[PDB]
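Trainee: To start, I am sharing the structure in question, which I have written as structure tokens.
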Amino acid sequence: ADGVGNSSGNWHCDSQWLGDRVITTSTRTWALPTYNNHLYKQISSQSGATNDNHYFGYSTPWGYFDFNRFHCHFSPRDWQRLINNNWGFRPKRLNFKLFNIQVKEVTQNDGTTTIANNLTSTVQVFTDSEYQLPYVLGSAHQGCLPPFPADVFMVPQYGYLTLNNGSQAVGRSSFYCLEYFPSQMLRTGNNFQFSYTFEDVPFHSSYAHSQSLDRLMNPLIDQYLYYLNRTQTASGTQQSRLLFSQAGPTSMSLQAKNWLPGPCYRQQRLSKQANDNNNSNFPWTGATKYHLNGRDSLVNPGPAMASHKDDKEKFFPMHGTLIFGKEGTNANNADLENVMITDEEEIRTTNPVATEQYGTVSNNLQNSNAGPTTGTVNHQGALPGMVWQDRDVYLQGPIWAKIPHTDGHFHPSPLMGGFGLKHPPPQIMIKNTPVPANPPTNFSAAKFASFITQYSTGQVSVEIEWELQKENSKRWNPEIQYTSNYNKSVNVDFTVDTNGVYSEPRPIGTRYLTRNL
Amino acid sequence: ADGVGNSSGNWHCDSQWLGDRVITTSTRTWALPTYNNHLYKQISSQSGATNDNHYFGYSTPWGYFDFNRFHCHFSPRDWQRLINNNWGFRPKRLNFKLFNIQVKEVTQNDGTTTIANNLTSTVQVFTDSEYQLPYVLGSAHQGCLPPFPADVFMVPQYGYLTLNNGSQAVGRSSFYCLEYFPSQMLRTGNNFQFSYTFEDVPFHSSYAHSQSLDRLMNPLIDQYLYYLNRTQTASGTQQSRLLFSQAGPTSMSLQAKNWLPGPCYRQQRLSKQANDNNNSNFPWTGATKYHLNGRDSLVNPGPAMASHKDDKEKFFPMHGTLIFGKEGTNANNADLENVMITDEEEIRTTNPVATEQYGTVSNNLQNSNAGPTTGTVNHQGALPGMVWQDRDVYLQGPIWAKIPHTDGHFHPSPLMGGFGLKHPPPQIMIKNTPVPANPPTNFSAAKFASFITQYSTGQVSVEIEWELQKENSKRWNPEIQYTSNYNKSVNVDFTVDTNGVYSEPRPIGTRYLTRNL
Amino acid sequence: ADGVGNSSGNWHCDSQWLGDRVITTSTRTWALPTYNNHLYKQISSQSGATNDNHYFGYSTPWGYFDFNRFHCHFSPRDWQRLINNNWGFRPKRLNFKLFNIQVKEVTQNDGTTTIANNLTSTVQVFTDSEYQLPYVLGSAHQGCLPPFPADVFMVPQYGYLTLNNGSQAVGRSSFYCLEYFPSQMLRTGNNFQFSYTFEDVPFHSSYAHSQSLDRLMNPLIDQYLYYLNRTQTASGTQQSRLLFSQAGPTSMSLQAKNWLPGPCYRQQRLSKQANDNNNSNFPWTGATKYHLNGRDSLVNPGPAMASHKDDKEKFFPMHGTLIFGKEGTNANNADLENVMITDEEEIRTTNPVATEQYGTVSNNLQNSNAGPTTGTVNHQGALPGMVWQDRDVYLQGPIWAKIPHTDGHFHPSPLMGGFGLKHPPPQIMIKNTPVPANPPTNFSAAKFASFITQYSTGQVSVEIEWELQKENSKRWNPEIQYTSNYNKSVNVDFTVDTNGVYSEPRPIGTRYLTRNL
């Protein structure tokens, strides 16, 4: 509704704080290539892949837009305003736009490449509102919008997996032609828009607890409930006798309590200091993992559990945390100093430590002849009276995941983090419409393999409205805040360098402010 | 709004039964001292305390009122009317009052102490409505209102715990000044009141089941479903063969069933007869316990599980039940005959026995060479198809607990018993306002350490409205009731003795009437 | 709202005189390149830079428009009408436009460069209305609109500085992404506009004083106030005696006066004749300078002070005046004849001479033994009773500056000249939107370094409304006017030469008409 010479949109990047809510908007420039020559191709694992790694699926010519990382929507300063001042947040609604679209045709002769406007060429866009396609967003892939608004990103290619037996397929395997969906077709001067409203979801926990689960008592007062203090006589000839006391300040571990820690599935502990770890290769063998249909899948990061106990910070659970990486880090076999390993430390007060046993139970019936023996609980499922915390969310990381559609689920919170949505934000699909090269002058029923090489660029705006939960605390003393360091440095954190490269020094989490259990 | 010579309230102790509901009211006389010289003091575990017993916290000059035991609100006869006639009950609303307040100043000269009315002195009261302070009520401490209306009780001192590393504190540790809250100030002739409404909560189960979970079948009729009767040939040369029968009256254990017993976390079994228990000291070592942040906390009483199986009554799970004590019982190393150990026997029909394994699972894949082996399940978390019962409530015992504020919880029923409330009855805080002694005649900026010694007494009324669930049963035969014994005795149960001491002979529970699964 | 073939604006260059006000409008053609490859880069001083010269900052891909020189808005004839006929002027409102925008793509093959219209490419524009970005306008940089309407100018690159320690940065250093602001995006056929209203500001002084500050008296009449004429006896034996006279025509220097000259911060005097200056290099060492945070910053031009006293015109204060340069002058180590040094001579009547002491004060208490000694005041801050003049404004020179936002300021008039504005005219920011080159055909998450080379050109209109203060003078005799010389010359002043180069022969100031103190 514009034409060649009128812009179809404007650049809105700002954030807006109304104090009950914050509305963050991001506009970015994208570049969409032609994927796999306008073809749907089936893909599968090769021979020699282990049983665990086999897959079967389809790659599509279509691309897709992914805003599902937080730093897309928040600047490091806007993230600080949120995490320092608030006990929780959730998304409300979003608004999406594609505008200022440009389709460029590319010709190559000799070594000289030539790029030109193709003014009549079209790009296709549809959002999947009814969740009919396989939903790949919640898998924490790349291709999401950049953190930094001046970066130009490449739109990732869409592809999906279905059932496989080995590297083959079964009869239930679904094939989806995305051409089989209604999609808006846009020339330069056409724009795309849609709106989305998040379903009701719990606020995230932007707080840490000011009390441990087992410390909820009154330190001054004794209980009126007795516990068994002694199974044997105190002094004299040792003899079996049952003696009962009332627990109190001096023994807190012995008191009766109303609640249990959350469930655990135990992790292997790793030291960050070199040579304090066993010499052997055991990321896979010593791993905690689940088993489906013959395949062992690593449990990563897994159920939310504290990363380490008190003054253990040098240790982290193996596969039990999110691990980011520094700008410029190699994608294969990077050193510990290159990656940024996150920390669950705040949830010590409720969730078990990932590397420690849940507890201990008795495995026998004792008697005068048989002494009591007790077994160790490495894994525990939900018991009545458990209370736990979800894994934290970071500036870098999943905002949401799609809850799988199944008969049942238990506490459907995504294990990488974020919000579980039955109806998440839909997938936005985009491809370049094929433009044939010159046909032969005699009819041929063969399909066209000959296409004009072209790509498209444009602008993409995303606007999310977030609801805030303000901090009500009465504590007298000050609270921990997320702060920059005042000491001088060559580079400012969360900033470009001399070469124009934007980097993030650390994985900022959302839990600073405190709250009582 | 009265003055020195007008009473600010009346004594309402009665109970009222409207048959859908019961309204119980209790009025008691209290005495409030000055705690720790009007000072907030930090408290912590000493050196030599084990890692499990360390704590860090604050003791406050403030006292608090706790009505959270049932016998506060119910007489033994009113408790009998409830448990014999009803399938369930829950609280609806409560009303609280402080009135007829008296502040007494105390002077000591030589050995003679003198007490006098201080008519202008004030007492401070605030209820914490917004749950901003650490909530110590649900820990089953002492200082609750007496069972017997003619007893005068001392108001317990308030104190709380926060995060600790060892006996030290971390940066997240919260300090709360209760002076930093608005509070009503009362002289003699001022009174205090507030109202509270309980949130919707399930009725407690005042019933026991008339059927075991695995007996729900029809004893007359066979099933149409086959089960595997034989993995080997019946007679002749022994040979592998699979033989299938239909389960029926003769084998009930073999039938298909729709439901599983509730989850277990296993306990060590103790005998009440002397010398049938192992000779060794294992209350701590042989204990079932959980693990948070490096500390082992005893699991008491824990997930609801039957105390003993059939005709095992001489046994009880170690730490797996509530244990009260008789009037006059020592608070340390009391004999088995002094304590009153409660019993979960009614929940046999659903919940597993606390001292027995949940069941057995197969640990291997058998073949012709490898015989089947099977492992024992000592602990089990929630499985689909589990049905269980909550722990019973007793005349002596927690009415409610505060559900911790966390991202998730599983079946938030307090494990000592009672109702889990997100917004429980608020804390009522009270202290004596400091009255300085004579200042020096020259200005000094030092704080006053010199105070007029004084205490306050008064009257406290609590009125709770309880909703009742009537018994609809069609069973022909009579039901078990809670009854007194007609045989003659020196003392009447639930009565004062010759010395004026009120005692409770036994821990009356609420489960008598029966209901089908 | 036009398209490819419709112009989005017209050329308005005229000036309009309504006699209370003048409305000047300027339209110019601009060319905007791509700055530093669409990248934000941090910049800092090198090693070997002196402590005084260190800096830390950021260069941005954005350009900006600067109209802040007067000759942008005034022709030499319009400037003459203003300065000859008026006692003062101030700006009222302005109106800004960008129109007729053209984005050109550039390709290079062999040595042949090719330029073509890119019709769908966009340029981004935002004005900073809320003063959120660092404001670089008032620093008298280049890149301002040309004096002469037929010149085409290049839009200057935007960059800013922040805190530094040496060449490094501290934690308070701010980074601003200009992409993080809402900006209008324009293709060819879109135009940009905004309006601005100047805050109330004093008229500039277009006048010189007809009286010196110390000559305000009546030359005919004596004062009634005595002064001390003699501290010693007139004739005879010399003896201490105090003798008092009345000042009058014969001694004007001795009269009582109500006012003091303005404040001074003293300058070093330089001779325009060669060899009358000391032989040594002392622009930095003999300089008057201030000191912040360890760095010596030259004071230029500094507090407004007369350039020279009577018949001293061959001298000028070092760093104490504005210095322009002739067309074609080298930017480094230009000779005195190439530069145009301005003159503050008109303010002699109030402001002190920049190269002379403010005055003299007594440094001791005299007595019969101790003779009076007196010290010289080289620098003086505000005293009660001071009256001064601001530095003059020139056809070439700053119109305004932004008053820094601070707790306090004293007489916030910019020291280079012009009007101090708390809310100055906003910054207008512009850049070329990045257009990616052809992406790879397989997804890569690396940022694009590959861009289509392109630049944009267009038209820029600025319209300022100026308020005039008419000359009311009653003086009989004629007044000094700014006039051209009638004698013949090769080139006309304020005109192009044979080669088409526009030059300005002299720095015309605004102070001609006279006014009494």
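Those sequence lines, one after another, are chains X, V and Y.
The deposited numbering numbers the first residue of the first sequence as 217 and each following residue consecutively.
The deposited numbering numbers the first residue of the second sequence as 217 and each following residue consecutively.
The deposited numbering numbers the first residue of the third sequence as 217 and each following residue consecutively.
In this text, a Cβ means the ideal position worked out from N, Cα and C, and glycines have one as well.
1. Below 8 Å, how does it come out for the segment 299 to 308 of chain V and the segment 410 to 417 of chain V: are there three or more Cβ pairs, yes or no?
2. Give the range of the alpha helix (DSSP H) segment to which V/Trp295 is assigned.
3. Exposed or buried, which one is Y/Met645 when buried takes at least 16 other CB atoms within 10 Å?
4. Buried or exposed for X/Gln697, going by 16 or more other Cβ atoms inside 10 Å?
5. Residues in the segment 501 to 524 of chain V with C-beta within 9 Å of chain X's C-beta atoms, listed in sequence order?
6. What residues from chain V crowd round X/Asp236, counting only those whose CB sits closer than 9 Å?
7. Using C-beta distances below 8 Å, list every residue in its chain close to V/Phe290, excluding the 5 sequence neighbours before and after it, in chain order.
8. Identify, in the order they occur along the chain, each residue of the same chain with its Cβ nearer than 7 Å to the Cβ of Y/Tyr423, setting aside the five sequence neighbours on each side.
9. Would you call the segment 700 to 711 of chain Y in contact with the segment 265 to 275 of chain Y, where contact means no fewer than 3 C-beta pairs closer than 8 Å?
10. Is there a Cβ from chain X that is less than 8 Å from the Cβ of Y/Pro655?
11. Mind listing, in chain order, the continuous beta strand (DSSP E) runs of no fewer than 3 residues lying wholly within the segment 219 to 277 of chain V?
12. DSSP beta-bridge partners for Y/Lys473?
13. Count the C-beta pairs between the segment 462 to 481 of chain V and the segment 514 to 524 of chain V that are closer than 8 Å, then say yes if the count reaches three, no if not.
14. Taking Cβ positions only, does X/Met370 come closer than 8 Å to chain Y?
15. Specify whether the segment 419 to 438 of chain Y and the segment 238 to 257 of chain X touch according to this definition: at least 3 beta carbon pairs, one from each stretch, less than 8 Å apart.
16. Is it right to say V/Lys505 is buried, meaning 16 or more other beta carbons lie within 10 angstroms of its own, or is it exposed?
17. Please tell me whether V/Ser275 has its Cβ less than 8 Å away from any Cβ of chain X.
18. Below 8 Å on the Cβ atoms is my contact criterion, and I expect V/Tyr347 with X/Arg691 to pass it. Report the Cβ-Cβ distance as a whole number of Å.
19. Taking X/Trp604 as the query, report the chain Y residues whose CB atoms sit under 9 Å from its CB, ordered along the chain.
20. Is it the case that the Cβ atoms of X/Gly405 and X/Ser224 are separated by a distance below 8 Å?
21. Under 8 Å between C-beta atoms, does X/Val593 make it to chain V?
22. With V/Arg607 and V/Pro517 assumed to form a contact (beta carbons below 8 Å), what rounded beta-carbon distance in angstroms separates them?
23. Pull up the CB-CB distance for V/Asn301 and V/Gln670, whole angstroms please, since I reckon it's below 8 Å.
24. Determine the chain V residues that contact residue 182 of chain X at a beta-carbon separation under 8 Å, and present them in chain order.
25. Using a C-beta to C-beta distance shorter than 7 Å, which residues of chain X count as neighbours of V/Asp492?
26. Inspect the CB distances between the segment 505 to 515 of chain V and the segment 562 to 582 of chain X and report whether three or more fall short of 8 Å.
27. Starting from Y/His425, follow the beta strand (DSSP E) in both directions and report where the run begins and ends.
28. With a threshold of 7 Å (Cβ to nearest heavy atom), would Y/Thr699 be considered close to the ligand ATP?
29. Have a look at the DSSP bridge pairing and note the partners of V/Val555.
30. What's the gap between the Cα of V/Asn253 and the Cα of V/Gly279?
31. In the DSSP output, what is residue 191 of chain V paired with across the bridge?
32. Would you say the segment 542 to 553 of chain V touches the segment 453 to 467 of chain X, given that touching needs at least three Cβ pairs under 8 Å?
33. Answer yes or no: does any C-beta atom of chain V fall closer than 8 Å to that of X/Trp616?
34. Anyone know if the C-beta pair for X/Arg564 and X/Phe531 falls short of 8 Å?
35. Assuming X/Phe397 and X/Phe312 form a contact by the criterion Cβ under 8 Å, report the distance between their Cβ atoms to the nearest whole angstrom.
36. Going by the DSSP bridge assignment, what does Y/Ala332 pair with across the sheet?
Mentor: If we stick to the structure as given:
1. Put simply, the segment 299 to 308 of chain V touches the segment 410 to 417 of chain V. At least three CB pairs are less than 8 Å apart.
2. Where V/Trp295 is concerned, the enclosing alpha helix (DSSP H) starts and stops at 292 to 301.
3. Flag for Y/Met645 reads buried.
4. With fewer than 16 other CB atoms across the displayed protein chains lying within 10 angstroms of its CB, X/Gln697 is exposed.
5. Cβ contacts with chain X come from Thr501, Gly502, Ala503, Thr504, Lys505, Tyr506, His507, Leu508, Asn509, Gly510, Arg511, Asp512, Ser513, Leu514, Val515, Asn516, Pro517, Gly518, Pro519, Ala520.
6. None at all; the shortest Cβ gap to chain V is about 19 Å.
7. Apart from sequence neighbours up to five positions away, the residues of its chain that approach V/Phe290 with a beta-carbon distance below 8 Å are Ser231, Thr240, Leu298, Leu611, ordered along the chain.
8. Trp303, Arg727, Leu729, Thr730, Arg731.
9. No contact exists between the segment 700 to 711 of chain Y and the segment 265 to 275 of chain Y.
10. Yes, Y/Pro655 lies at the interface with chain X (some Cβ there is under 8 Å from its Cβ).
11. Runs found: 231 to 233, 237 to 248, 257 to 260.
12. Assignment of beta-bridge partners to Y/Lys473 by DSSP yields no partner.
13. Result yes; three or more Cβ-Cβ pairs closer than 8 Å.
14. For X/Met370, a Cβ of chain Y is located within less than 8 Å of the residue's own Cβ.
15. With a cut-off of 8 Å, the segment 238 to 257 of chain X and the segment 419 to 438 of chain Y do not count as touching, because too few Cβ pairs lie within range.
16. Burial call: buried.
17. A Cβ of chain X is located within less than 8 Å of the beta carbon of V/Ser275.
18. Contact doesn't hold; Cβ gap of about 13 Å is too wide.
19. None at all; the shortest Cβ gap to chain Y is about 34 Å.
20. Taking the C-beta atoms as reference points, X/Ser224 is found nearer than 8 Å to X/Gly405.
21. Yes - at least one Cβ of chain V is within 8 Å of the one on X/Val593.
22. Sure, about 7 Å apart at Cβ, within 8 Å.
23. Between V/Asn301 and V/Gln670, the beta carbon gap of about 48 Å keeps them out of contact (Cβ cut-off 8 Å).
24. The requested residue 182 of chain X is not part of the displayed model; chain X covers only 217 to 733.
25. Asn583, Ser584, listed in chain order.
26. The segment 505 to 515 of chain V makes contact with the segment 562 to 582 of chain X: 3 or more CB pairs, one atom from each, lie closer than 8 Å.
27. From DSSP, the beta strand (DSSP E) with Y/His425 extends over 423 to 425.
28. This structure does not include the ligand ATP; it has no bound ligands of any sort.
29. V/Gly541.
30. So the alpha carbons of these two residues sit roughly 13 Å apart.
31. Missing from the structure shown is residue 191 of chain V; chain V here goes from 217 to 733 and no further.
32. Touching, yes.
33. Residue contact with chain V for X/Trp616: absent (no Cβ-Cβ distance below 8 Å to any residue of chain V).
34. Against a cut-off of 8 Å, the Cβ pair of X/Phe531 and X/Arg564 comes out as no contact.
35. About 17 Å separates the beta carbons of X/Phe397 and X/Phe312, which is beyond the 8 Å limit, so they are not a contact pair.
36. Residue pairing of Y/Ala332 in beta bridges, as defined by DSSP: Y/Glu321.
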